[PDB]
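Peer 1: After the structure tokens below, expect a handful of questions from me.
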Amino acid sequence: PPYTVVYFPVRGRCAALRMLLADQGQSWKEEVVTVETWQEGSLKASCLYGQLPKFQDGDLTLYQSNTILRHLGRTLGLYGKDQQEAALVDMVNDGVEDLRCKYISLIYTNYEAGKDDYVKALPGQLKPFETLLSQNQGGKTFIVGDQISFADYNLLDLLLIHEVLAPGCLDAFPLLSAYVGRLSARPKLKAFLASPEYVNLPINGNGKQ
Amino acid sequence: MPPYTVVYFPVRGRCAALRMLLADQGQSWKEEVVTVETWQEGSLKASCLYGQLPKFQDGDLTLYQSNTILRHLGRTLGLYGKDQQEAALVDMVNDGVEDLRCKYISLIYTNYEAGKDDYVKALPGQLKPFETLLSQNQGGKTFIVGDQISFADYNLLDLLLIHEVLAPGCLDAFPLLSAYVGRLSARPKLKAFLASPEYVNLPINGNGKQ
Ligand SMILES: N[C@@H](CCC(=O)N[C@@H](CSN=O)C(=O)NCC(=O)[O-])C(=O)[O-]
Ligand SMILES: N[C@@H](CCC(=O)N[C@@H](CSN=O)C(=O)NCC(=O)[O-])C(=O)[O-]
Ligand SMILES: [Ca+2]
């Protein structure tokens, strides 16, 4: 550290890493980039892939939401106990990313006409995570192993935003439901999730959720 | 017999990079081929974590997700940077490669006819970041990150190779990426693999488009 998050005024792809930093008692600065400033062109041109989030860890500058998650996971010890668990953590995170991409596609490019098919396909997209929990200590701990990992924060956010998109989508999944309640009750995380810093930001940037 | 097993369709696709990595690192593995016919039966698909392939086995460890397999081999074979900082940079490159691969896959499988012209026009802007990364790493004379090969190099190399097939000459605007492809492709073990029937007789994608 110190840490700096450069992003638009939305939860979006920074929600998970923010929950991670908060829950881990880490301090960070938020560099809010408005759409007007972004349309100016300067910042965008300076970004490796022309996109945000941009992240600063001391003299290290990173791009890509999952790179930031993996970096924090690596440096803060939120990546499993060994190589085998690290691979499982990646497997979970990549699955979370795949569904997040589908969610993003729906939200920004086909909300009106595609929501119905998306919601109907949702149960089948969520079950893999319920299954993973079922195979790990009866789903009483974390998504991988017995310690929290960066994938837990990413999965938690994925679940929270889907409950908004399709209320009750976790009702058929007891382990996932209990998991969300358990993680959300962690002291620092609970405080962060209740803060206006989180609550007063829209999930996405187009007013849809 | 070998500790590694690759379960995939009869295409290069999302297994091309990990196969190059394994071959170039002198590792032995088994290929278990899944026909579209067997896939349509449904049993295997239902048994896959996210209902998709590739599926990878390392002893009794069963993995899914192409990038998870790349990171796993990167971790276990020492192709993930020399320190924590490099590891993050390697991830940054791989995520960038994955982003473009996703766009490539979308074009190939869902909008080849009507979307190819636009895709090729936007291609230079999508490749530039990698040229930039090379330019900032020892003049682009070594690898994408640091002075040692990483799993991201194999993924990037594949990305570049398939784009040369899609848009011949697309690397003429990028001297470092061009020399990079030639240099890595010339690595003895990789060169042999790339020229072998095991690689050549497999199509890039599964729908006949490239
Ligand atoms: N693979 C990247 C994607 C980053 C991204 O999509 N950034 C968007 C905002 S979040 N959208 O769902 C962005 O910077 N958009 C502005 C632009 O692309 O000009 C990542 O950070 O995970
Ligand atoms: N994020 C996953 C994607 C895996 C994937 O898309 N697998 C396809 C074949 S490769 N397609 O570009 C697959 O299993 N398709 C069959 C199906 O989806 O029923 C990965 O392994 O990177
Ligand atoms: Ca830990």
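Identifiers in this document derive from the order of the structure tokens: chains are assigned A, B, ..., residues are numbered from 1 separately in each chain, and ligands are numbered from 1 in order of occurrence.
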Write as an MDAnalysis selection string the residues around ligand 1, taking 8 Å as the cut-off and counting only C-alpha atoms and all ligand atoms.

Peer 2: (chainID A and resid 7:8 12:13 38 44 50:54 63:67 104 108 204:205) or (chainID B and resid 95:96 99)

Peer 1: Go ahead and save the residues from that selection, with N, CA and C atoms, as a tab-separated table (two decimals), in the first residue's frame.

Peer 2:
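For reference, again.tsv as written:
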```tsv
chain	number	residue	atom	x	y	z
A	7	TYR	N	-12.05	4.70	-10.56
A	7	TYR	CA	-13.22	4.11	-11.20
A	7	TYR	C	-14.39	5.08	-11.31
A	8	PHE	N	-15.41	4.66	-12.04
A	8	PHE	CA	-16.63	5.45	-12.20
A	8	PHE	C	-17.44	5.34	-10.92
A	12	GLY	N	-20.31	-1.90	-9.77
A	12	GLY	CA	-19.75	-2.65	-10.88
A	12	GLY	C	-18.60	-3.60	-10.60
A	13	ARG	N	-17.51	-3.43	-11.35
A	13	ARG	CA	-16.35	-4.31	-11.22
A	13	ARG	C	-15.39	-4.00	-10.06
A	38	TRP	N	-14.36	11.23	-18.24
A	38	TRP	CA	-13.97	10.09	-19.06
A	38	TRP	C	-14.13	10.41	-20.54
A	44	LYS	N	-8.64	7.87	-20.37
A	44	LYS	CA	-8.86	6.65	-21.14
A	44	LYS	C	-7.66	6.27	-22.00
A	50	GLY	N	-7.49	0.94	-22.17
A	50	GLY	CA	-8.49	1.97	-22.37
A	50	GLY	C	-9.73	1.85	-21.50
A	51	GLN	N	-9.58	1.21	-20.34
A	51	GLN	CA	-10.72	1.02	-19.44
A	51	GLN	C	-10.36	1.12	-17.97
A	52	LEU	N	-11.39	1.23	-17.14
A	52	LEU	CA	-11.23	1.26	-15.69
A	52	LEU	C	-11.87	-0.05	-15.20
A	53	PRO	N	-11.59	-0.46	-13.95
A	53	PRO	CA	-10.74	0.19	-12.95
A	53	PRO	C	-9.23	0.19	-13.18
A	54	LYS	N	-8.59	1.18	-12.58
A	54	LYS	CA	-7.15	1.34	-12.57
A	54	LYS	C	-6.87	1.23	-11.08
A	63	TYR	N	-4.28	-2.75	-13.93
A	63	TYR	CA	-5.56	-2.64	-14.62
A	63	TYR	C	-6.12	-4.06	-14.59
A	64	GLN	N	-7.41	-4.20	-14.90
A	64	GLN	CA	-8.13	-5.48	-14.91
A	64	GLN	C	-8.61	-5.88	-13.51
A	65	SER	N	-9.92	-5.86	-13.32
A	65	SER	CA	-10.52	-6.17	-12.02
A	65	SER	C	-10.04	-7.48	-11.39
A	66	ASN	N	-9.88	-8.53	-12.19
A	66	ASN	CA	-9.45	-9.80	-11.63
A	66	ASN	C	-7.96	-9.84	-11.33
A	67	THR	N	-7.19	-8.98	-12.00
A	67	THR	CA	-5.76	-8.89	-11.73
A	67	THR	C	-5.61	-8.25	-10.36
A	104	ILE	N	-23.39	-8.56	-17.25
A	104	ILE	CA	-23.03	-7.27	-17.84
A	104	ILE	C	-23.61	-7.14	-19.24
A	108	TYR	N	-26.18	-3.99	-20.00
A	108	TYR	CA	-25.79	-2.93	-20.93
A	108	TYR	C	-26.19	-3.07	-22.39
A	204	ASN	N	-24.85	-0.54	-11.48
A	204	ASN	CA	-24.31	-0.35	-12.81
A	204	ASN	C	-24.35	1.12	-13.22
A	205	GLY	N	-23.83	1.42	-14.40
A	205	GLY	CA	-23.78	2.81	-14.84
A	205	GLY	C	-24.87	3.29	-15.77
B	95	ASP	N	-5.32	-11.42	-18.53
B	95	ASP	CA	-6.70	-10.95	-18.53
B	95	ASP	C	-6.97	-10.15	-19.80
B	96	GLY	N	-5.96	-9.42	-20.27
B	96	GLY	CA	-6.11	-8.65	-21.49
B	96	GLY	C	-6.26	-9.59	-22.67
B	99	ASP	N	-9.71	-11.06	-22.66
B	99	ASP	CA	-10.71	-10.11	-23.15
B	99	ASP	C	-10.81	-10.14	-24.67
```

Peer 1: Could the residues that lie within 9 Å of ligand 3, counting only C-alpha atoms and all ligand atoms, be listed as a list in words?

Peer 2: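 Listed by chain and ascending number, the contacts are residues 73, 76, 77, 78, 79, 80, 81, 146, 147, 148 and 149 of chain A.
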
Peer 1: Give me every strand (DSSP E or B) residue in segment 12-65 of chain B, going by DSSP on the backbone, as a PyMOL selection string.

Peer 2: chain B and resi 29-33+55-58+61-64

Peer 1: Please build the interface table for chain A against ligand 2 with a cut-off of 9 Å, listing for each qualifying residue the nearest atom pair and the distance in Å to one decimal; count only C-alpha atoms and all ligand atoms, order rows by chain and increasing number, and write it as a Markdown table.

Peer 2:
```
| residue | atom | partner | partner_atom_place_in_ligand_line | distance |
| --- | --- | --- | --- | --- |
| A:94 | CA | ligand 2 | 1 (N) | 6.6 |
| A:95 | CA | ligand 2 | 1 (N) | 6.9 |
| A:97 | CA | ligand 2 | 1 (N) | 8.2 |
| A:98 | CA | ligand 2 | 1 (N) | 5.9 |
```

Peer 1: Measuring between only C-alpha atoms, which one of B:92, B:127, B:181, B:102 shows the shortest distance to chain A?

Peer 2: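 That would be B:92, the residue with the smallest distance to chain A.
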
Peer 1: With a cut-off of 10 Å and counting only C-alpha atoms, select all residues of chain B in contact with chain A and give the selection as a PyMOL selection string.

Peer 2: chain B and resi 48-51+58+61-73+75-76+84-85+87-96+99+125-130+132-133
